[PDB]
Amino acid sequence: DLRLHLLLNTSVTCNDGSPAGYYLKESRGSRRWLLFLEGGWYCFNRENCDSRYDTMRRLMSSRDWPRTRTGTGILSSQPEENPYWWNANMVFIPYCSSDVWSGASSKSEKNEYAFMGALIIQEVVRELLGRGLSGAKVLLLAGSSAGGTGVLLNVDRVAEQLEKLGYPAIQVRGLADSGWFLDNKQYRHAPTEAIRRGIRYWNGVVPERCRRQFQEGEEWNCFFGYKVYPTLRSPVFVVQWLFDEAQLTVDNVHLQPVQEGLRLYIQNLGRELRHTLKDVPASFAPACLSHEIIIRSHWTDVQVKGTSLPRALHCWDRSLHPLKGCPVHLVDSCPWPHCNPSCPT
Ligand SMILES: N#Cc1ccc(Cn2cnc3ccccc32)cc1
Ligand SMILES: *[C@@H]1O[C@H](CO)[C@@H](O)[C@H](O)[C@H]1NC(C)=O
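Residues numbered from 1 in each chain as written, not as in the entry; some residues may be left out. Chains lettered and ligands numbered in written order. Heavy atoms only, no water. Residues with missing side-chain atoms left out of burial classes, pairs and counts.

Turning next to helix α9 (residues 309-319). By the burial criterion, the buried members of α9 are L309, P310, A312, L313, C315, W316 and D317. For α9, the N-terminal capping position is held by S308, with its side-chain oxygen 3.2 Å away from the main-chain nitrogen of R311. (Buried < 20%, exposed > 50% of the residue type's maximum accessible area, 1.4 Å probe, protein only. Helix = DSSP H or I, 4+ residues; strand = E, 2+ residues; numbered from the N terminus. Polar contact = N/O pair within 3.5 Å; in protein donor to acceptor, adjacent residues only side chain to side chain.)

Right under this line is the structure:
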């Protein structure tokens, strides 16, 4: 179990002004630290955020959070469940800012909600330094869904934070799971509009090099993996199902008798996703219809070209010290959901 700590700086808050926080399980014989960002879509105006507060309040408030949480998947401390990093220090950061981890805006007389995702991550890192993070060799910032996009938006800022605090020896790296989306044409008739509105509502922040490329009014571009990833300097491993369920939801695709128009659409989606990963050297992209993987208990089951995801991440570790029989770039080439036999059922 990981144990809840609310942030000592109570000005860093969830949407409703309650303190943000993190769940921690220390491993004092290890210098590796895993900080995982929860996902769960987002909200981009008053009416939409009010609805979320009624029926998804744990993603907007800490007032009902449990004092413990079980570590699963890559957050499990058992070697059987987690061949990759079972002995690491484990941190789960709950997503209570509804801003894809980009916000830097407090609640005030002019704002009904606070959107402080980017500041929550920095404050977690600051308070963990006093609990052993100062001794680390590697800080892996991981996340799923909106938390996977959050990794892409924040990994270089964490690296800069530790450099300026006087810790140049901690190697900061990223693991983005199910956060690599396409701003493609929908199957039936726009999500880039919701992101563009959200960024204004949240006072959202994007990485500096990406911001300088796309400039004022176009920061929404940096929420899309294939556009922001080339601007990042920290090493980032990308996990993405080729037929991601959240991608298909926004594309208005609902799957059993598929006609030619939809067959071509689905095949073209997989081809385009495969193309955007061709120059990403650390990636794992199976031809499955699914969503999220790294904190699922059975994350060890899926394989690409005979290599599991825990193995691929171990090979990435070795590469950061190509390797015989230890691959790091794994992308399926077959063109239809479940053409890979190891896909989740
Ligand atoms: N065009 C478009 C488009 C819009 C939303 C999503 C799915 N999604 C879910 N959470 C997200 C956070 C950040 C970015 C995307 C996210 C996919 C494609
Ligand atoms: C608490 O967090 C806020 C927001 O980042 C910051 O302005 C303030 O300086 C922090 N307080 C302390 C004591 O670090």
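Here the focus is the state of the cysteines. Applying the stated rule across the entire model yields 6 disulfides. The partner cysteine of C210 in its disulfide is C222, sulfur to sulfur 2.0 Å. On the sign convention where negative means left-handed, the S-S torsion of about -105° between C210 and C222 marks this disulfide as left-handed. With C210 in helix α5 (residues 208-214) and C222 in the loop between α5 and α6 (225-228), this pair connects stretches of sequence that are 12 residues apart. This pair shows no difference in class: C210 is buried, exactly as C222 is. (Disulfide = S-S within 2.5 Å.)

The residue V328 is located in the loop between α9 and β14 (329-331) in this model. Contacts of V328, omitting those with residues within four sequence positions, involve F237, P281, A282, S283, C315, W316 and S319. (Contact = heavy atoms within 4.5 Å.)

All right, on to the nonpolar core then. Ranked by internal contacts, the top residues of the largest apolar core, which has 76 residues, are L35, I93, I120, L128 and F223. Ranked by residues supplied to this core, first place goes to helix α3 (residues 146-164) with 8 residues. For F223, the contacting residues outside a window of four places in its chain are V100, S102, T149, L153, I195, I199, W202 and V206. By size, the runner-up hydrophobic cluster in this structure holds 35 residues, among which are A88, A282, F284 and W299. (Core = buried A, V, L, I, M, F, W, Y, C linked by side-chain atoms within 4.5 Å.)

Right, let's get into the side chain of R52. With respect to the helices, strands and loops of the structure, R52 is situated in helix α1 (residues 46-55). No salt bridge is formed by the buried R52. Its closest oppositely charged neighbour is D99, at 7.9 Å. At 2.9 Å, the side chain of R52 and the side chain of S98 are in polar contact. (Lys, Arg positive; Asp, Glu negative; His and termini not counted. Salt bridge = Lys/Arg side-chain N within 4 Å of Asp/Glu carboxyl O.)

Moving on, we get to the site of ligand 1. Around ligand 1, a shell composed of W41, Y42, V100, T149, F181, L182, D183, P191, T192, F224 and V250 is seen. The residue makeup of the shell around ligand 1, split by class, is 8 nonpolar, 2 polar and 1 charged. (Near = heavy atom within 4 Å. Nonpolar A, V, L, I, M, F, W, Y, C, P; charged D, E, K, R; others polar.)

The subject of this paragraph is the pairing of strand β3 (residues 32-37). Counting buried residues along β3, 5 of its 6 residues qualify, which places the element largely inside the surrounding structure. When β3 meets strand β6 (residues 138-144), the two strands line up parallel, connected through 6 bridges. Across the sheet, the residue bridging to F36 is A142, located in β6. With 5 bridges connecting them, β3 and strand β5 (residues 89-93) associate as parallel partners. The partner of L35 across the bridge, within β5, is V91. (Pairing = 2+ DSSP bridges.)

The next thing to look at is the UniProt feature "active site" in the chain. The UniProt record marks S145, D244 and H291 with the feature "active site", using the residue numbering of this structure. Within the secondary structure, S145 is located in the loop between β6 and α3. Relative accessible area serves as the criterion here: at 7%, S145 is assigned to the buried category. For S145, the contacting residues outside a window of four places in its chain are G39, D177, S178, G179, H291 and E292. (UniProt positions renumbered as here; feature names shortened; annotations may be inferred.)

Bringing a nonpolar patch on the surface into the picture now. A cluster of nonpolar residues, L255, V258 and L289, forms a patch on the protein surface that exposes about 240 Å² of accessible area. Here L289 is to be found in strand β11 (residues 289-290). (Patch = residues over 30% accessible without salt bridge, like charges linked within 9 Å, V, L, I, M, F, W, Y side chains within 5 Å. Areas by Shrake-Rupley, 256 points an atom, 1.4 Å probe, with all protein chains shown as cover.)

A complete count under the given rule lists 14 salt bridges for this structure. The shortest N-O distance in the salt bridge between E218 and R196 comes to 3.6 Å. Of this pair, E218 sits in the loop between α5 and α6 while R196 is found in helix α4 (residues 191-202), placing the two residues 22 residues apart along the sequence. A residue is classified by how much of its surface remains accessible, and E218, at 30% relative accessible area, is partly exposed. Relative accessible area serves as the criterion here: at 36%, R196 is assigned to the partly exposed category. It is possible to trace a salt-bridge network through shared partners that takes in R46, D50, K107 and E112.

Under the definition given, this model contains 13 aromatic pairs. The interplanar angle of 45° and the centroid separation of 6.3 Å between the aromatic rings of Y53 and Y113 together place this pair among those described as tilted. Separated by 60 residues along the polypeptide, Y53 in helix α1 and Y113 in the loop between β5 and α2 (117-129) bring together distant segments of the chain. In this structure an aromatic cluster arises from ring pairing among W41, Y42, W202 and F223. Lying across the ring of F92, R69 places its NZ or CZ 4.0 Å from the centre. (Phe/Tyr/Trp six-rings, centres within 6.5 Å; stacked < 30°, edge-to-face > 60°. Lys NZ or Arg CZ within 6 Å of the ring centre and 35° of its normal.)

Once that is clear, we can look at the environment of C288. Within the secondary structure, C288 sits in the loop between β10 (283-285) and β11. Take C288: its relative accessible area is 0%, and that puts it in the buried class. Between the alpha carbons of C288 and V302 there is a distance of 9.8 Å; along the sequence they are 14 residues apart. Once residues within four sequence positions are removed from consideration, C288 is found in contact with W241, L242, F243, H338, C343 and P344.

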